[PDB]
Structure formats: structure tokens, C-alpha cells
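1. Generate coordinates for the sequence data below:
(one chain, ligands or ions: 1)
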Amino acid sequence: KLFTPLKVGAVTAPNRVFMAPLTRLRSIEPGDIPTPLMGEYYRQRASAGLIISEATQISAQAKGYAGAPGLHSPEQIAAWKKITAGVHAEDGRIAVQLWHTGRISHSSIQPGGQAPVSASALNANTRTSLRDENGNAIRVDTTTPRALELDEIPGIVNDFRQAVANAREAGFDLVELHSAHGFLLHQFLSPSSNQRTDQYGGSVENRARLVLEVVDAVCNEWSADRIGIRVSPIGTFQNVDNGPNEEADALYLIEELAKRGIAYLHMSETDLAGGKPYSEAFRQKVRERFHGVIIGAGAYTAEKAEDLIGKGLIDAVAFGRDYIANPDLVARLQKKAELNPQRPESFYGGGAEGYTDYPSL
Ligand SMILES: Cc1cc2nc3c(=O)[nH]c(=O)nc-3n(C[C@H](O)[C@H](O)[C@H](O)COP(=O)(O)O)c2cc1C
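-> Numbers count the residues shown, from 1 in each chain. You can find the structure just below:
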């Protein structure tokens, strides 16, 4: 089933082998600008059923990693237009993953060198990636954030809205809202990171309020059939857990998302460091609550993907690290060919080495 077509909102994927969003931290600074090298990397992978881009800033404030691209400035829009054109030239499809990093950030890459923002004022207690004086990636402890004031929340929603407008102009086929992995939207969703006492904290309805305002805004800006969302609602991701009622809270959020008739739900099932597997019962509960495409991700194999697609529980699989190392992953999985070995040391930062130099068959 992996090599059969699938309608995904406004487009049709020719296969179910998707490229997961993968931060590679190779953009130009100053300007957080996509490059021709990034264009080549995505063009090499255009046989994917769908490419989901690396996480991309909705605004300058959204930045948390040196080398991550934006989709807020004219120069960024112009550069992304070239990238999507290259993918389209090879008959591919590409979604842009849009984030605000919130508290997973550092003051040195924030506007004015000031503290980053979040739901509440507590430190992420993790690291982000900056660049040193020679442009090489380095890991640095996160800066303590300040809590967004209530009157700043509409501006966040507007920044997502505007970034989706920009994505449409840049020629993306779809957008993926980054509501996972401990970034801003997840910081609001999670009780561990959200201690607010206004209408954006406390109950699950309040904790989900921001992400649902964002979904509504971007559906209105473009169209619901252009919108996907990535969630990581079971387990702990970058120190952000999903709280004591994670299953019930996940199902609440998914039911709300379904009301908007969006294109897809992308579930990041496990952190890279591992987590409890999804039960089939939970998968069935998700499936009956959402009426668009469901994408599974997190250490999948082709075998696991075929099993779950055949069981009618998911529609597609996003592969991350296998896509880093195998531009023609689709052809390799179809032919049962060996994969190129991964070189994790060059996942983040640097240049062509470990990026565009993994060969196709
Ligand atoms: C180098 C690296 C960068 C990643 N960057 C992102 C990101 O930008 N956005 C996101 O939602 N997930 C990101 N992830 C998670 C992947 O999308 C994926 O969930 C993870 O790779 C598990 O899938 P895999 O076992 O197929 O690699 C990243 C993972 C890796 C390895």
C-alpha cells in the first residue's frame, strides 16, 4: 500500500512515503534565508509522496536556532519560491512547517537581544543551537522566557496567519503548523509549561485555545484543505510532557481540529530518546475523531507503515532520518534496496557534506 496514491487536502500524493520535517540549520545569516544548497537538497527528495520542510519561522521573534529559515521577510519569500519551484519541476509536492520556538531559544538571536517568549516565565531547561564566530553549530542553554501578556496573543495568531499568506505566495502546496516537540504551541498545550491563570491556561480547553485560534486564522486566510498540523501529544518531548491526562486531552484536541476540516493530522509518536508505543485502541480512537489524512512518524519502518496503513489506522508515514540519508527513499523501499548509512554528526549545520552528498541509486 505504501506506493499507492492518497488525496491530501488540495493535492494528491502518488505514494505514502513522506519526508518528515527536519531542521538542518544551513540557512544564510544574516536574514535566515534559504539557500540554493537547500533547494538542491529538497529537489533530490522530490519523489516523496509529500515533502514537509524543515521548521520555518513565522516571524523574527519565532527564531530559536541559528541557521533555521524564516518565511516572514521579502528575501525569505523570494528564496523559498525558488525551492518550491525546484520541487515542482520534479513533479513533487512540498508543505512548509511553520513554528514559533517560544522558550526553546536564546536572547542572542531574539530581536534586540531580549528574552524569548512563552506561555509562562520558566526556563525550558534544555539547549538550542547557535553558531560560533566561524559559523559552526554549537549547543547553548536556553534563555529564561517571559510570559506573553494577554494583549500579545492576537499578535502571535496574526504572525501565523501572515506566514501562511506568505507560504501561499511562495508556492507551497500545504502548511504544517508546528504544534509539537515543546515549541510555542505545545508550551501552551502542556500543563508542565503553562501556568497561566487567564483563559489560555488551566483546563485543556484553555490550553488548546491558542492552537485552535491559530488553526481558525490560517483556515480563514487560505483554505482548510491547505492546512496540516503536527502534534506530539503522548509522552515527553524536550522536557515538555503532556500532563496527567494526556490521552483524554489529545482526543479533545483532535476532535476540535476535526471540526475545522483540515487536510491532515501528523502525529509524532515518540521522542528520539524513546517512549511508550501507541496502542491500537488509541489509534482507533484517533482515527474515528479525525476525517482527514493521518500521518504517523517516529522510528517507523516500511513494515510498520504497511501494517498500520493496511489496518486502516493511518494513511501515510513520514520518515526523518532515512530521508536525510536516502534522497530516493521511495525507490529504495519499492525495490527493497539497501539504504545509505546515516551520518548523524552532520545532521545540524555545515554545508553540502552530510546534506546533498548522499547518493541516489
Ligand atoms: C536532525 C533532525 C531534525 C529534526 N527537525 C524537526 C523539525 O524541524 N520539525 C519537527 O516537527 N520534527 C523534527 N524532527 C523530528 C522528525 O521529523 C522525526 O519525527 C524523527 O526524525 C523521528 O522519525 P525517524 O525515526 O523517521 O527519523 C527532527 C529530527 C531530526 C533527526
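
2. ranges for the helices of this protein?
-> Counting by DSSP state H, the chain has helices at residues 36-44, 74-89, 153-170, 184-189, 204-207, 209-221, 246-259, 280-287, 302-310, 321-325, 329-335.

3. Indicate which one of those is closest to residue 135.
-> helix 36-44 (13.6 Å; Cβ to Cβ). C-beta: built from backbone N, CA, C; applies to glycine.

4. That closest one relative to helix 74-89, how many degrees between them?
-> On the basis of axes from the mean of the first three to the mean of the last three Cα atoms, to 10 degrees, helix 36-44 is oriented at 30 degrees to helix 74-89.

5. What residues of helix 36-44 count as buried?
-> By neighbour count on 16 or more other Cβ atoms under 10 Å, the buried set for helix 36-44 is 38-44.

6. residue contacts, the residue nearest to residue 189 when sequence neighbours are not counted?
-> Spatial nearest neighbour of residue 189, excluding adjacent residues (Cβ to Cβ, 6 or more residues apart in numbering): residue 207 at 5.2 Å. By Cβ atoms under 8 Å, 6 or more residues apart in numbering, the contact set of residue 207 is 188-191, 194, 200-201, 249.

7. what's near enough to touch residue 105?
-> By Cβ under 8 Å, 6+ apart, the residues touching residue 105 are 63-65, 116, 128, 142-143, 145.

8. The same query, at a cut-off of 6 Å, please.
-> Neighbouring residues of residue 105 by Cβ atoms under 6 Å, 6 or more residues apart in numbering: 64, 116, 128.

9. And for the second one, the neighbour number?
-> Going back to what we said before, that points to residue 116. Residues lying near residue 116 (other Cβ atoms under 10 Å) number 27.

10. And for the last one?
-> Using other Cβ under 10 Å, residue 128 has 24 neighbouring residues.

11. ok, it to the ligand distance?
-> According to Cβ to the nearest ligand atom, to the nearest Å, residue 128 stands 12 Å off from the ligand.

12. does that residue have beta-bridge partners, and which?
-> For residue 128, the beta-bridge partners are residue 140 (DSSP bridges).

13. mind listing what it touches?
-> Counting by Cβ under 6 Å, 6+ apart, residue 128 touches 64-65, 104-106, 142.

14. between the residues you listed, which is nearest residue 298?
-> If you rank the contacts of residue 128 by distance to residue 298 using Cβ to Cβ, residue 104 comes first, at 19.1 Å.

15. wait, doesn't that closest one sit right on residue 123?
-> No: in this structure residue 104 lies outside contact range of residue 123 using Cβ atoms under 6 Å: 10.1 Å.

16. So those two - more neighbours on which side?
-> Neighbours of residue 104 and residue 123, each counted by other Cβ under 10 Å, are more numerous for residue 104; the result is 27 against 13.

17. Kindly provide the distance from that one to the ligand.
-> From residue 104 to the ligand the distance is 11 Å (Cβ to the nearest ligand atom).
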